[PDB]
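Here we start with a single chain on its own, the form deposited in one PDB entry, put down as structure tokens.
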């Protein structure tokens, strides 16, 4: 689907895409290859949809956190720079784009949020979040406000939420330990909600409203990344970039992202893209060209980062980074972000309490792991005749009773529907681990085209167990876990919002309670 003999690049609209296009034209002047740069809306959600069908751009730019999901889905080509090139980037930025032992992207720049403040209104920025209400009272009396920043994207509210103990996935990362609804997360999000309640902030403020308020001098402070500096420069505001305020004595902890460039697994121009990224973009002149459009942050290229680091705005960026944490790149990051976005917005607007909002977000971030735990154990004990002796772990009461419930209602379905199950199991003939990958197509077609309820979910998992028994008999026991993962992916992404609304697997257990 992708045209050969050229390069299409996607990058987000807040980045220096005009600068990126300039590097493209220099590539063109050398090779005769045209370089088109686009910045479509919601490109991080469009990429996986289009690239799954073999379409999309040759190169996609985004912070590294999304790339684990893309690599897991087979959407990114493995990148293979020689040691001479790898030595030119900071080791830690390469780590950010390593997934299951392979490099899946070229790292570009390190991004962290800072506090940006107007030196003509606040010559001394607050060191604590706690003192911002009184400062706002002080500024309101002068016709100004203390602080405005984007409240629609959780990226910007997360520093406050993690400050007192909130976190995504514990530590390696234990995908089973989610820290979205613990006391620390609550304490931070409560402080944000209280700021809104006391008229210090507006739940409706987004990126554009906050940017224009600061850049016109109506608000004294904003929270943003290095890409926003260019527009402040133009407004001629006298701004400083500094450490984020502490909360309850501890630092704000922003999720640090590494802007990175991935090559589409279906692109016919992988040698061209490697040549552009390694020998044109990731060079002193290439990054400067982008940086002059919208600042990149602390770039991954050592030769150039040595000059930018001297800029206090970059030193402040890297100080805020060292207090924060590099984002995971695991595939569940997207699900985490979707959940926390909904929770921050509902809590800020009043649709839910902080308790409600974060509980749902906790159930959403845990949905995939918990579903896989249940579905995999059921499939394997059904196929082998023996249960898994391993502890259930986090939320283990739910999983244990979900599985017990499933044993009850699932075994009755395999018996009563043995005729339909046998027939479906022949139309599909499963003999290979590869065939199991072909299932998702028909599996989704059937599961999607109807109503939603726990009974069809039981059918879904029960045929899964029916198919697992067969795989075991033909010595294909290795295919049962990839089968459990495919069932779980189909279930969680097609019924995410319904399942969260049912209180997840607690609803399951309650719905089929005797």
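We call the rigid core whatever largest set of C-alpha positions still superposes within 1.5 Å between the two forms. Positions refer to the first chain, counted from 1.
In none of the other PDB entries of this protein that model the residues around it does residue 88 lack coordinates, well short of a third.
Across the other PDB entries of this protein whose models span the neighbouring residues, residue 400 is modelled without exception, so it is unmodelled in far fewer than a third. Per the record, residue 171 and residue 172 are separated by a gap of 1 to 3 residues from the deposited sequence that were not modelled. According to the PDB record, 42-50 carries the higher mean C-alpha B-factor of the two stretches 42-50 and 460-468. If you average the C-alpha B-factors over 260-268 and over 374-382, the higher value belongs to 260-268.
Residues shown: 225, 81, 254, 240. Highest C-alpha temperature factor in the entry: 81.
Looking at 214, 304, 158, 337, the one whose CA carries the top B-factor in the deposited record is 304.
When the CA B factors of the chain's modelled residues are split into thirds, the value for residue 62 lands in the lowest one. Ranked within its chain, residue 485 lands in the lowest third, by CA B factor from the PDB record.
Among all modelled residues in this chain, the alpha-carbon of residue 432 has a temperature factor (C-alpha) in the highest third.
Among all modelled residues in this chain, the alpha-carbon of residue 454 has a temperature factor (C-alpha) in the lowest third. Among the modelled residues of the chain, residue 137 sits in the middle third by CA temperature factor in this PDB entry.
The form deposited in another entry exists for this protein as well; it is not shown, and the discussion that follows is about that form.
For the listed set 473, 448, 478, 49, the sole C-alpha moving 2 Å or more between this form and the one not shown on a rigid core superposition is that of 448. The Cα shift for residue 439 between this form and the one not shown, taken after rigid core superposition, is 2 angstroms or larger.
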